[PDB]
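Enquirer: Fold the following.
(chains A and B)
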Amino acid sequence: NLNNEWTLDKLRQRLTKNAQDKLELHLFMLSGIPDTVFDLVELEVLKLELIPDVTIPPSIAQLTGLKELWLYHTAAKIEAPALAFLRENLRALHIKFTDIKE
Amino acid sequence: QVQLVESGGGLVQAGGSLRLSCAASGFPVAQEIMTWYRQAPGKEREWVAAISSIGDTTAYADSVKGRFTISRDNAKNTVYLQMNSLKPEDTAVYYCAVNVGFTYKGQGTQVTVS
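Expert: Numbers count the residues shown, from 1 in each chain, chains lettered A, B, ... in the order given. Let me share the structure:
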């Protein structure tokens, strides 16, 4: 239902222009990552905060321009294709945590 | 040594307005997540509203959609719990929590609503 909630237009309206001059899409206080955010391949920096029981979908490979991933108090699992794509494409990682398991 | 004290209680019916202060101490660190919890007598923990570590983005529960609001000011290390058009069923003692090692729940100030 969350994937159905956020359309492409709503996410594109949620886009932000950060101080580093790159396309920012900020999601905060959500159960998980909507799969619609991976349709906008022009995303450059992705910020996720307090996302519980989150598994990184393989669809992350669509985000060709993804460079920065922000994980705020969030422990995430990742698929093997998604792991390979992040290993070969990721540039910046922002980790804010309060426990080892995070 | 960070302590979260709460105030702003009172007696008022629906359509009132109050600002519960989540004042912190020790040192200025008021740039973290402040998770508000509400506890009516006879129930358990229920999250109210949380603020992102950035501080520019937040959201509240769907039951208080469009009425509840939160704000903060690092000048005196406090977080104000803005309220307006409250339902008569919201009369409870609230708590604000910031997760730094522990989910510290403050003293708790009761708000009386008829």
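Enquirer: so does the helix or strand harbouring residue B:98 get close to chain A?
Expert: Residue B:98 is part of strand B:93-100, with elements assigned from DSSP states H and E. Yes: judged by CB under 8 Å from any CB of the partner chain, strand B:93-100 and chain A are in contact via B:99, B:100. C-betas here are computed from N, CA, C, even on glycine.
Enquirer: helices and strands around that strand, which ones?
Expert: The elements that strand B:93-100 packs onto, with contact taken as 3 or more CB pairs under 8 Å, 6 or more residues apart in numbering or on different chains; DSSP states H and E, are strand B:34-39, strand B:78-84, strand B:109-110.
Enquirer: what helices or strands is the first one leaning on?
Expert: Counting by 3+ CB pairs under 8 Å, 6+ apart, the packing neighbours recorded for strand B:34-39 are strand B:46-47, strand B:49-51, strand B:69-73, strand B:93-100.
Enquirer: following the longest one, which helix or strand shows up next?
Expert: It refers to strand B:93-100. Heading C-terminal from strand B:93-100 (DSSP H and E), you reach strand B:102-103.
Enquirer: Hmm, residue A:100 and residue A:75 touching each other?
Expert: No: contact criterion CB atoms under 8 Å: residue A:75 and residue A:100 do not qualify, at 9.7 Å.
Enquirer: of those two, who's got more company?
Expert: More crowded of residue A:75 and residue A:100, by other CB atoms under 10 Å in any protein chain shown: residue A:75, with 14 against 6.
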